């Protein structure tokens, strides 16, 4: 089936009007050899049948709702009010707002997104969004290196391994060098920063869930004329002192925790907050307040010399399509909750995580790893292989024990809890874990 409106009579008329003999004739000027390719695709299906197939595939999976898996993504409540609003056709089907007069909706909404992100991180400005947390970190670091003119980067091993991997790719691509600061006792020790270092990177809470002490890292970075880059979970900023208050110059993170569906890893969005004084190095789209010819308030994309259309080769980034819709979902979430509501959600997930930690400590052979204080995620040492444990757990109907790569230690597994978890879910998980062990 299809979405084409054309009737046969209309195609004949249009065909004659453009001097074409048939649909096939429209491609007659292409090299004879590349035509009639042997493409093998399954036969077209009506929409109800496509849905039947989707549902069959979905029926093969075990839903992760109320899962205890962590490592960057967690099962947080996805408010229907937010999803209902982001489903509005105007937001869903609009393109990048290049004609501002008819795009004040998306423009103003993005300006509000920027304000909320900047506030959440304790910083001054923020772009319209990035693909995700990892790429946001890579761009944030590239910014610091362009701003300082240096090529050296120090990254705590506490930064999610995938983030560090993405960072390395972007870094080595432009000739920059990265040095990884390993964790000691779950936390990252204060390093000595040389003058070849343009950026110091630390995540809080870190990969293993440990709260890190950012202050001294910022002072250590500045002392050497290096910029401090903070990787932080946005939901956590609802209760933890933000990097901005620690002296951080750049803050990045993934927006999944702001009520976004897990979606097996995407899409979500990344945020990049910084000082207004670094606006010239800021990559991506930026909305500014302004006024129209009649004196009315308006919003528009600004300082576009930082982007690809105008600067092309010298653009601060090649990023064109960003992650606007999901960033708006985050903004709606932040707005729906307010400062106190956000703090409530964050504290609740932290509370349940701690209760779970306390419960899991009673399981035979289980030993703690992540040190206190930790946030809403923590790693434990298991008496069996973490992948084997996650699998056995799934066989009993539970989603937990997310395997921590060995670079952190042996048999490590992460566990998370959120505002939608209750006492009974924690006990049920522990019993399941005791059975598998």
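Positions refer to the first chain, counted from 1.
Look at the mean CA B-factor for 256 to 264 and for 276 to 284 in the entry; the higher one is 276 to 284. Relative to one another, 303 to 311 and 69 to 77 have unequal mean CA B-factors, and 303 to 311 is the one with the higher figure. Residues shown: 162, 90, 184, 112. Highest C-alpha temperature factor in the entry: 184. In this structure the maximum Cα B-factor among 350, 171, 363, 137 is found at 171. Sort the chain's modelled residues by C-alpha temperature factor and residue 375 lands in the lowest third, per the entry.
In the PDB entry, residue 2 places in the highest third of its chain by CA B-factor. Residue 431 sits in the lowest third of its chain by CA B factor, as recorded in the PDB entry. Compared with the other modelled residues of the chain, the Cα B-factor recorded for residue 152 ranks in the highest third.
In the deposited entry, the Cα temperature factor of residue 238 sits in the bottom third of values across the chain's modelled residues.
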